[PDB]
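First the structure, in the form of structure tokens, and then the observations on it.
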Amino acid sequence: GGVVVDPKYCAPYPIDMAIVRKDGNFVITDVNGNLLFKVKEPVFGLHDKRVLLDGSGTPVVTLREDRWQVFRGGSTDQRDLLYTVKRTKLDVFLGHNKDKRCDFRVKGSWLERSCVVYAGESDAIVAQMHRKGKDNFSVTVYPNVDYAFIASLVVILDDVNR
């Protein structure tokens, strides 16, 4: 129940991710500064879309805007819908979830650096923010949880804040 975007984003150990900034553009790195995703608005003067690119520059997911849909790769086609996020703080519904138990939830506070992501059907914690151009926090993604999925949530939280 940890795979959302792609099983290749599910590591057997915890991974801590963080935001590095130079505005919707920034990078998400591991603890050691290794790039995991570049986050950007793909089109100038349009602010409704962000893409997460891997280190090779390949789109991993596209987020499109209190309601976001997140699509596979560089798509915004409905057939490529992975999940919808609705604004305790955020509820996530996988693309095949036609109803309204959410599949994941985010609670806690962005500004306190205390966000926690839970799996809906067990309420298991899948990721946890901790307070520390580096933002003052990291997010632990637990083993076998999809870290591209968690990185997309971090992107949405940042959007809500800005």
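In this chain, numbering begins with 1 at the start of the sequence shown. Side-chain atoms are counted along with the backbone in the values below, which use heavy atoms only and exclude waters and symmetry mates.
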Could you list the residues that satisfy side-chain hydrogen bond (donor to acceptor under 3.5 Å, both in side chains) with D66, not counting sequence neighbours? none

Residues in side-chain hydrogen bond (donor to acceptor under 3.5 Å, both in side chains) with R87, at least two apart? none

Sub-3.5 Å donor-acceptor pair from the side chain of [X] to the main-chain atoms of [Y], do we have one?
X    : Y    : value
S114 : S109 : yes
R50  : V155 : no
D23  : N25  : yes
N32  : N34  : no

Are there more than 12 heavy atoms of other residues, nucleotides or ligands under 6.0 Å from atom [atom1] of [X]?
X    : atom1 : value
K38  : NZ    : no
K134 : NZ    : no
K132 : NZ    : yes

Is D123 salt-bridged to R105, cutoff N-O under 4.0 Å? yes

As an exercise, state the distance from CD of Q69 to CG of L63, rounded to the nearest 0.5 Å. 10.5 Å

Value rounded to 0.5 Å, distance of CG in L36 from CD1 in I150: 13.0 Å

Which of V85, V4, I156 passes side chain to side chain contact (heavy atoms under 4.5 Å, CB included) with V92? It is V85

Where does the angle between the aromatic ring planes of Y9 and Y147 fall among parallel (under 30°), tilted (30 to 60°) and perpendicular (over 60°)? perpendicular

Indicate the ring-plane relationship of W110 and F137, choosing parallel, tilted or perpendicular according to the 30° and 60° boundaries. perpendicular

Where do [X] and [Y] come nearest, in terms of heavy atoms and distance?
X    : Y    : value
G108 : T88  : N-OG1, 4.0 Å
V61  : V51  : O-CG2, 3.3 Å
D103 : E121 : O-OE1, 4.1 Å
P59  : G74  : CB-N, 3.5 Å
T62  : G73  : OG1-O, 2.8 Å
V5   : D146 : N-OD2, 2.6 Å

Output field: ring centroids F149/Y83 closer than 6.0 Å: yes

Kindly determine whether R162 and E41 satisfy salt bridge (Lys or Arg N to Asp or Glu O under 4.0 Å), including the steps that lead there. CA-CA 14 Å; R162 76 192 205 79; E41 281 174 359; 3.0 Å; yes

Is there a donor in the side chain of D16 and an acceptor in the side chain of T140, or the other way round, less than 3.5 Å apart? yes

